[PDB]
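Below is one structure, written out as structure tokens, with a few remarks after it.
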Amino acid sequence: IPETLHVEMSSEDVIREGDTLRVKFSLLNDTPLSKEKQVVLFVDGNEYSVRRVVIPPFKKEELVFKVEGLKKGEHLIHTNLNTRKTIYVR
Amino acid sequence: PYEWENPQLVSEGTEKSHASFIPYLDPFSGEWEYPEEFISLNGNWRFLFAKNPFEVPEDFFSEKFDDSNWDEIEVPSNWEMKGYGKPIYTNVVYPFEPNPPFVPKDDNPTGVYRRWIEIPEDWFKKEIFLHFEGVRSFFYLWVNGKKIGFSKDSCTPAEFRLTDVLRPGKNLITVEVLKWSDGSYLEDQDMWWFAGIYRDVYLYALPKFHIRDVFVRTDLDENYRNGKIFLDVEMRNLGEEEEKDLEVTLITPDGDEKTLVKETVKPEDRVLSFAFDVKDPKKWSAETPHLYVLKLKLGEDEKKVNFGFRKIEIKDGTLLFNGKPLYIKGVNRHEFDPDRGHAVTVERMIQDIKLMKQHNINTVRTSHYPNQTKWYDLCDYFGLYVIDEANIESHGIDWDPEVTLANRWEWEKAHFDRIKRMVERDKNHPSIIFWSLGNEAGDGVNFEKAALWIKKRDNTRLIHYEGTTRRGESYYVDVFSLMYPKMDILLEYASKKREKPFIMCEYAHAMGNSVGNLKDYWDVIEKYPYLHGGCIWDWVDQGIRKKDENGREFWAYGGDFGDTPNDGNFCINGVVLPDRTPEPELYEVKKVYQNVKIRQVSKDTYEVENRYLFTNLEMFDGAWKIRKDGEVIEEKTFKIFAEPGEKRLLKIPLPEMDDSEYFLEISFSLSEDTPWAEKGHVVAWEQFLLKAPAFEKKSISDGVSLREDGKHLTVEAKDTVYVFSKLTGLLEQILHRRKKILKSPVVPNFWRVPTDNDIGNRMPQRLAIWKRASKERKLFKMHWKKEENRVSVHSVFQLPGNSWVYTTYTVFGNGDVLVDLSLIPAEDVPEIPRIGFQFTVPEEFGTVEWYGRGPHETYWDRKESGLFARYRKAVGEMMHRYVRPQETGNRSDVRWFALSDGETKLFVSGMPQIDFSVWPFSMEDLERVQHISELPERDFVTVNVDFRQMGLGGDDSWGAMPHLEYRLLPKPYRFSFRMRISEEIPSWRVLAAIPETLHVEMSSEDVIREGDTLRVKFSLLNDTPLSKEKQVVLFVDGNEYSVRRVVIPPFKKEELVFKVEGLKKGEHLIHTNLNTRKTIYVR
Amino acid sequence: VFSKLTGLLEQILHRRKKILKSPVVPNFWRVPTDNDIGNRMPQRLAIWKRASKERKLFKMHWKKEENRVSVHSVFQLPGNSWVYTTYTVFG
Amino acid sequence: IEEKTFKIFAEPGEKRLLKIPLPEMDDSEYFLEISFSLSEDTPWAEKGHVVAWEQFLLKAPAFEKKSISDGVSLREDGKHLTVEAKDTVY
Ligand SMILES: [Mg+2]
């Protein structure tokens, strides 16, 4: 059987120092088995947060991560599910 | 003082600027038209070349002088392209010693042209003019022995009234051209320094009372429905007495005629002004270039002007064209030809425009001087937007307010003349939407005053100058413009209210293998307010066609003509090669610039968005195609009705699907022929995954043999023998039916041949340790392990920089080999250029097949243009010939590839994907040679099989890096692929089965005190033949507490410690995602 | 009489007689006093003297009703300040 | 002062633009009304029944302030103040 989830990551392109970044993730299961997944968020190469998800067949789950404490400059946000983005802190 | 060293003398003896009337392009036939009283002076002239103006023979300009021993040169031309002197390339530095306004007297290449011409008798009841379309950089004119005057700006015309000094029958024309003048201080563009009469020369005759000039402007009402024409007609009298009849006729795009004016006018110098109303005129755009014609006749004087109804305006910081938001999808173009230099023909101009429109370009910037008049006529007829730029650049002079020529009172009239001569020549073309004042020439009063003159003369176009907006807001421009800005600059401009739109006059520097992250700029431009697009730097590589010693052609650049000082290959910045052959990066531009957007709602439902301003999608033929493991199984045509801005739904009925991979492609093509392209040309496409494949894992039962000696381990399976070295730790040979497949061993590889962007950011110095780690290594340990159905060979290396690399080869009884790599970088090493393996096979492997992105090369930050399908090529056509050889030939997101020698196939499949490339030479050969001609002949093929390579970048080519998301930062990485040598291509979807589970143990303290820290230890043992990447998650009372990423090479144990803080009195559950659980007691 | 190239009110004709010898212009300058010279006002405030003589017409439009017409001009000035002029003529 | 009929083509969910040419206006207050009615009889209602309408201010009025020159008289007694103007007594 096919064994892969369909993923999309999204957030704000630019925030102000002191503000919070909201990172949204959609996971779609179009396979015939339920999937258990650890979704890990990395900030500048370092592990920042993790969520356990169970996704039944023919279902979409939505997650939000809140990222605090980002100082002025540009930052890489990435996951263990092959999604990557640059974010700019004004 | 010499007139060619005096900035305050701009010309002498020349007529006043006016609008172009000769030649005239007929928009109904597309044919060029000339006046009745016209004599071309193109052809052969007697020519004399001198090293400076003082080495010219005396009395060269007299009728009596003998020139019968002079050489003959063809006009128009640059004389550096005919054999005389040498071409010089400099970026910013002047090719003489900078000391304005002084030019050298010793070395100043000089040319003298002589020609005899026959004026008919009936011309002398009229007024006679001599017209020079362009001369670089300065010239003196003599007619029948007498001095008439001189001229100084290389890119705008010079006209002289000669009715007095000319006689019936045979007359002499003599011209002396100087290469360098005071004018040269404002012509410091990053380009080749040439010289000569490089554009057309002619004689024509007008009546004594004639139309000198015409200014036609249009307005549109608040509904962009009805129009007005505003016409200024300037008349000039040179000794006429009788009254003449003036007629003005309007011809519509359909072909209908109407008389606007018919009156009698007494002969005098006057400007007549008229205003007319027109109902529902056809509007001009780049999508729909409808042209009206004004026919003007005063006595026997006849002229014609093409014009269009169109309006450019700024409303609340937004750029509007005929009432719609306009996005500039542009390129910078130099007027350059590899055989003729600046003397470009109409045939080449037409080739440039059709290629631009076939790649979704809508705008051209004339970088950085006015082009020939026929360029603007063709942009009116075919439909491109134009940014027309004045010939002013003084980069080599410092931009400090006291130093810059933009603030010096003696350079004031030179700046004004160059701007005014452009505007007066080009003011009637509907294609021109912006006037640009110049490029990289500092800021000051000399620009401020010329910019206020333009706005009071012409209120129908916007003014642009990046030299003022780079210092902040400026009151005398309408557009905010920057060169090569980073993404944070665009997001900052869009974050507050603005009165002016933001345009990038240069971005995405295309020097060498480049144009990375193009889609990331356009995702920001289309989402945020006040951002209206930009022009890519640039269209065509300025390479000169030359022959080497053996007589094989190459493209020449700085320092290939003994020219010193030079700036090397910094003139090679194109998206097409000098002969107009596309570079692979032009396919990315076409994809990003397309005017249809397609979104997936569900697997069978697609939303289509029309982003054309004035075109209905009903003009295009729709098609969709479904591919099964890369081959077409279903095709269907459709038509969709969508107006500008509309979103429409498209429903596609899907078939029942098996265990293959399925991709959908949706495209739009031309329904019928256009002036710029043929029926079936694709204007837009998008692709979507319908279904991922189901991978098969097969149990192998057949056996494998193993023989050891003092230097070699030998592994036999079916009819393949694998030979491993105990001294190098490498796979050294593969024998298939007693035939050698390898010409060199399989080695780990971390290097790519530096691009022009890599050189500009010092990648070869910064990342030099990874080049060493690709050639030298120390074998620390080597062992093997046999089972019933397979053998594994494990090698451990330490590298320069102190990083570790683990290789594992597992040979199965069916002849498959699994190849695994883990890289563990040391704590103080920099980012990695590439991660993969490199080997060589014999040149008999001459054909390649693949399932992946194609058909052209793609990279991590430049791959949207790569369509997923099955492709086939010869090895020699799997690389691009960049003018300076560089990294080339990568194929991305590949499921499988196969090399064939006719009988035997070398097959590689990804787990689940790889990148690859194949070259007919070594990495060392590619890094050494600096010209295409020097690439040597070899009896082997180099094969690269990669996890990934870092992006190309190209925000600029003098410091910018690839974006953070396209770099390999130093952390642990793993990678594997399958290889088979056989007579047929096996199924990429079928692999050998292996065990896939780690052995884990968790341990900690049973009891702690409140305030103390719990230490949880984890051991992970990998006894499988593949490296494992794992997220280890620790839970405390059901809630996620901490996570660690681990890479565990084969036959290795890793140990982790987690510290748990803040546990209060009582009992607590500690557990992981790896099936370990414990109760802990807090005393 | 309004100019579409300068954006200024250029002439007023009353019973065919000219009232203006030069156009109506926005003005930000005064001729420096002895106190102004002593505190360097002519150097410090020199941008407002330039803004009184030079300007760039950015936009110009008009709107007619039954009993009046309005003529609106938008200028940018030296120093990058904005000035809006509006003339409303009644019946 | 002005009425006009029109027809607009819009499918369920679609937004369509409607352009209304305005007259020259004096110092009065001007309101626009846009309505939709039944083209022909239904089982539940007759032709011309309104199903939807909306109204919008086009132009606010110009208020006039007039200088009064005429006089007012005043008589006091023990219980009443009496004010006379034209032919009204307060
Ligand atoms: Mg290039």
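First the proteins, then the strands, lettered A, B, ... as listed; each starts at 1.
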For [X], I'd like to know if atom [atom1] has over 12 heavy atoms of other residues, nucleotides or ligands within 6.0 Å.
| X | atom1 | value |
| --- | --- | --- |
| C:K64 | NZ | yes |
| B:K311 | NZ | yes |
| C:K18 | NZ | no |

Nearest-0.5 Å distance, [atom1] of residue [X] to [atom2] of residue [Y]:
| X | Y | atom1 | atom2 | answer |
| --- | --- | --- | --- | --- |
| B:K449 | C:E54 | NZ | CD | 9.5 Å |
| C:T6 | B:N459 | OG1 | CG | 11.0 Å |
| C:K56 | B:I463 | NZ | CD1 | 6.5 Å |

Which one, B:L462, B:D478, B:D458, leads in non-hydrogen pairs under 4.5 Å with chain C?
B:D478
Could you list which of [range] have a heavy atom closer than 4.5 Å to any heavy atom of chain B, in residue-number order?
| range | result |
| --- | --- |
| residues 73-80 of chain C | C:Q76, C:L77, C:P78, C:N80 |
| residues 23-52 of chain C | C:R50 |
| residues 82-91 of chain C | C:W82 |

Non-hydrogen contacts under 4.5 angstrom with chain C: give the residues of residues 417-446 of chain B involved, or none if there are none.
none
Where on B:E499 is there a heavy atom nearer than 4.5 Å to chain C: the side chain, the backbone, both, or neither?
both
So for B:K500, is it side chain, backbone, both, or neither that comes closer than 4.5 Å to the heavy atoms of chain C?
side chain
